[PDB]
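Every residue, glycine among them, receives a Cβ derived from its backbone with ideal geometry; neighbour counts consider all protein chains shown. What follows is calculated from the coordinates using simple rules that are stated; it is not laboratory data.
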Amino acid sequence: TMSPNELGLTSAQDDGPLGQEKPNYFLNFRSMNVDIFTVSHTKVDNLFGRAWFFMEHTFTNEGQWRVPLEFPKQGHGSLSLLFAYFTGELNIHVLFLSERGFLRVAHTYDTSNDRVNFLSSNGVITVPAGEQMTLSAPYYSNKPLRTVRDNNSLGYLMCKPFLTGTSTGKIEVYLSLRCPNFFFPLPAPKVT
Amino acid sequence: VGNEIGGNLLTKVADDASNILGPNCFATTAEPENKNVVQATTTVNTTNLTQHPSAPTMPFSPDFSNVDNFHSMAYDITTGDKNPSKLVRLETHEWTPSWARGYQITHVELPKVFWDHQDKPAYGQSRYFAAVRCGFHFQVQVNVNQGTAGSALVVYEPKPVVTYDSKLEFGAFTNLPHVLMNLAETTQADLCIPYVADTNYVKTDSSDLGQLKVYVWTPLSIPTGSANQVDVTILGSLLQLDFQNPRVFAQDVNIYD
Amino acid sequence: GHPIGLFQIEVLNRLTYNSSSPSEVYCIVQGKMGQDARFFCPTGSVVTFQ
Amino acid sequence: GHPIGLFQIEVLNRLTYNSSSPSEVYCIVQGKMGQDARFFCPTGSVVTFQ
RNA sequence: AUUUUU
């Protein structure tokens with residue numbers, strides 16, 4: 001039968017270990033699980049499998065664009081802030097808004113700003129002018145886990161546009177992740 | 001007999017006065033989560049007694065193996081443990097030419113020499129224990145060019161010998177674990193010495209358990225052109241180590257009577 | 001959107017005490033989702049965290 | 001002969017109390033031999049009992 | 001790592 005513990009009478013100091021799926025009941029009530037969709041939208045793989053805006057850059061020259069990729073404190077991706085460590089594939093969505101040209105895109109977890117000066121083997125995919133691509137950067141990190149908060153939690157993204165004439169433009173970037181491994185959930189964030 | 005029956009004297013009554021709509025009340029009685037118990041926890045030489053314990057906690061689906069499966073540190077897991085038994089340089093003196101036979105080249109305070117400086121692998125632990133019981137493995141090294149010749153006596157002298165050293169006849173020291181090592185023939189001597197004393201344990205940081213010495217069997221015959229600076233080095237390893245008596249940090253404690 | 005409901009904690013029996021015990025105590029209210037909890041559509045954000 | 005060792009009882013957490021309880025208590029230290037205790041040679045006496 | 005889907 002039902003114990004008084006499952007009827008509401010408990011002790012907060014006896015909750016450890018963390019993660020106790022204890023059932024709560026009372027007459028005329030029982031946990032009822034009803035599904036509306038064929039699958040879950042709470043699963044990490046599904047939720048995060050959907051991109052979210054990151055930032056935009058307006059180029060004028062053929063200079064390079066180096067930016068510390070990090071988890072959002074803004075979109076639905078904020079749900080990541082509930083975790084401390086991450087590891088797995090990273091999907092980067094880049095939109096190359098230009099009349100005539102090409103956009104070199106690369107990604108690395110390497111902090112050194114000189115290993116990027118060349119782009120030899122940092123994944124120089126080419127998005128023709130007015131096009132957009134979605135490259136999935138592997139976990140080529142030198143650290144087993146990525147603190148989820150760091151201003152560079154995610155590796156740096158590089159964008160060296162190869163323009164042809166006076167043409168200029170802007171590169172909007174949004175991103176998601178493929179199968180994410182989050183660990184050791186931390187306390188909920190505050191609001192600004 | 002009473003004082004707990006609150007569950008089946010309310011759960012049943014309703015179950016007895018229930019209609020097609022079922023019982024209109026359910027009552028369950030049991031013991032509180034915070035029961036009258038006592039918990040005891042023991043770590044190395046420690047015991048924590050608590051009479052008001054609480055449910056222990058821990059992270060989600062935790063892994064306490066504590067072993068890095070990637071081995072970011074390629075070493076044996078027991079490296080830190082065995083570290084203090086590691087081979088180390090105990091001494092290095094210079095064989096000054098023109099030293100008659102029997103002359104003592106260099107000595108070494110056993111076993112406190114393994115904690116000779118704070119830079120000794122064993123120095124760390126040695127400080128938290130007053131008693132010691134260990135075995136030794138010495139390797140006295142002496143290098144000399146082929147042109148030169150000579151011989152040194154590497155011998156282990158227990159406290160008994162060290163005490164009455166002058167009363168003993170040199171040339172008979174070959175009765176003790178030694179290595180008459182003829183230069184120009186051998187560059188290193190090996191000596192395996194077990195725990196030797198008149199007491200089960202020796203006070204840490206003591207000269208007890210004897211000491212290893214190196215004498216001049218036959219003085220160095222160094223030709224004219226040949227070099228004249230021969231160095232004698234004493235290396236030591238602990239075949240087996242054992243620190244028992246706990247004590248304050250490096251405080252002289254008397255295990256003896 | 002719409003509130004979850006009205007939450008009220010009324011006094012039933014005055015908190016009793018004695019010479020060496022407090023005449024008033026502190027209370028904490030926590031909240032979580034049930035074992036049948038579910039979330040469905042992800043939408044935009046209404047606030048910015050830090 | 002040689003002492004058994006240094007015996008020290010330090011305070012870890014101040015003895016708490018209330019209006020009707022003592023602010024300090026009495027303590028007693030007893031000593032005995034373990035189940036592996038043994039004595040060996042009988043010797044002369046160093047003191048005289050009564 | 002059915003850690004694309006069954």
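So the values come out like this:
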{"quantity": "FRET efficiency for B:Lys167 and B:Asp63, using Cβ-Cβ distance with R0 set to 45 Å, rounded to 0.05", "calculated": "0.10"}
{"quantity": "Within a Gaussian network of chain B (alpha carbon springs, distance under 10 Å), most fluctuating of B:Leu110, B:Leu21, B:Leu220", "calculated": "B:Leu21"}
{"quantity": "Cβ neighbours within 10 Å from other chains - mean over B:52-64", "calculated": "4"}
{"quantity": "Kirkwood hydrodynamic radius over Cα pairs of the range B:160-257, then Stokes diffusion coefficient at 37 °C and 0.692 mPa s, in µm²/s", "calculated": "191 µm²/s"}
{"quantity": "Check: the protein assembly as shown dipole with +1 on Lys, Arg Cβ and -1 on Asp, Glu Cβ, in debye", "calculated": "800 debye"}
{"quantity": "Percent of Cα pairs exceeding the 14 Å cut-off, where the set is the range B:75-132", "calculated": "64 percent"}
{"quantity": "Percent of alpha-carbon pairs separated by more than 20 Å within the range B:55-168", "calculated": "64 percent"}
{"quantity": "Amide H contacts of A:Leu163 (H built 1.01 Å from N, under 5 Å, at least 5 apart or other chain)", "calculated": "A:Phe102"}
{"quantity": "Part-to-part distance (alpha-carbon centres) for the range A:50-122 and the range B:46-107, which is given in Å", "calculated": "45 Å"}
{"quantity": "Charge dipole magnitude, Cβ of K and R +1, D and E -1 - the range B:72-154, Cα centre, debye nearest 20", "calculated": "180 debye"}
{"quantity": "Virtual spin-label span in nm between A:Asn28 and B:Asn19, 7 Å along Cα→Cβ", "calculated": "1.4 nm"}
{"quantity": "Most mobile of B:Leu49, B:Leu191, B:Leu183 in a GNM of chain B (Cα contacts under 10 Å)", "calculated": "B:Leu49"}
{"quantity": "Size-normalised alpha-carbon gyration radius of the range A:16-68, reference 2.2 N^0.38 Å", "calculated": "2.29"}
{"quantity": "Theoretical gain in end-to-end length, B:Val37 to B:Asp231 [0.36 nm per residue, Cα-Cα removed]", "calculated": "63.0 nm"}
{"quantity": "Interchain or long-range residues, amide H under 5 Å from A:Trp65's placed H", "calculated": "A:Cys159, A:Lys160"}
{"quantity": "Phi-based couplings in Hz for the range B:154-162 (Karplus 6.51, -1.76, 1.60; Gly and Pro marked x)", "calculated": "8, 9, 8, 10, x, 3, x, 5, 3"}
{"quantity": "Part-to-part distance (alpha-carbon centres) for chain C and the range B:131-162, which is given in Å", "calculated": "78 Å"}
{"quantity": "Coordinate range along principal axes, alpha carbons of chain A, Å, largest first", "calculated": "79, 36, 31"}
{"quantity": "Percent of Cα pairs exceeding the 33 Å cut-off, where the set is the protein assembly as shown", "calculated": "72 percent"}
{"quantity": "Dimensions in Å of chain C - Rg and Dmax from alpha carbons", "calculated": "19.3, 56"}
{"quantity": "Evaluated over chain B, the Cα radius of gyration and Dmax, each in Å", "calculated": "33.8, 122"}
{"quantity": "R0 of 56 Å, Cβ-Cβ distance A:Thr87-C:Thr16: FRET efficiency to nearest 0.05", "calculated": "0.50"}
{"quantity": "Amide H contacts of A:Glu99 (H built 1.01 Å from N, under 5 Å, at least 5 apart or other chain)", "calculated": "A:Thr168"}
{"quantity": "Karplus-derived HN-Hα couplings along the range B:87-96 (A = 6.51, B = -1.76, C = 1.60, θ = phi - 60°), whole Hz, x at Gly and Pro", "calculated": "6, 9, 7, 8, 6, 7, 10, 9, 5, 5"}
{"quantity": "³J(HN,Hα), Karplus 6.51/-1.76/1.60, whole Hz, each residue of the range B:25-37, x for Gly, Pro", "calculated": "6, 9, 10, 10, 10, 6, 7, x, 5, 8, 8, 8, 10"}
{"quantity": "Label-zone membership for the range A:11-25, site B:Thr50, 7 angstrom Cα→C-beta point, backbone N under 13 Å", "calculated": "A:13-17"}
{"quantity": "Label-point separation, A:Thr1 to A:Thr111 (7 Å along Cα→Cβ), nm", "calculated": "6.3 nm"}
{"quantity": "Residue order, fewest to most beta carbons within 10 Å, for D:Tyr26, B:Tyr103", "calculated": "D:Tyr26, B:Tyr103"}
{"quantity": "Cβ-Cβ FRET estimate between A:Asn151 and A:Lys190, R0 fixed at 25 Å, reported to 0.05", "calculated": "0.90"}
{"quantity": "C:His2, A:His41 arranged by Cβ crowding within 10 Å, fewest neighbours leading", "calculated": "C:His2, A:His41"}
{"quantity": "Estimated inter-spin distance, B:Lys86 and A:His57, nm [label 7 Å along Cα→Cβ]", "calculated": "4.7 nm"}
{"quantity": "Dipole of the protein assembly as shown, positive direction: furthest Cα of A:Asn122, D:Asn13, B:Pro84, with charges on the beta-carbon", "calculated": "A:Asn122"}
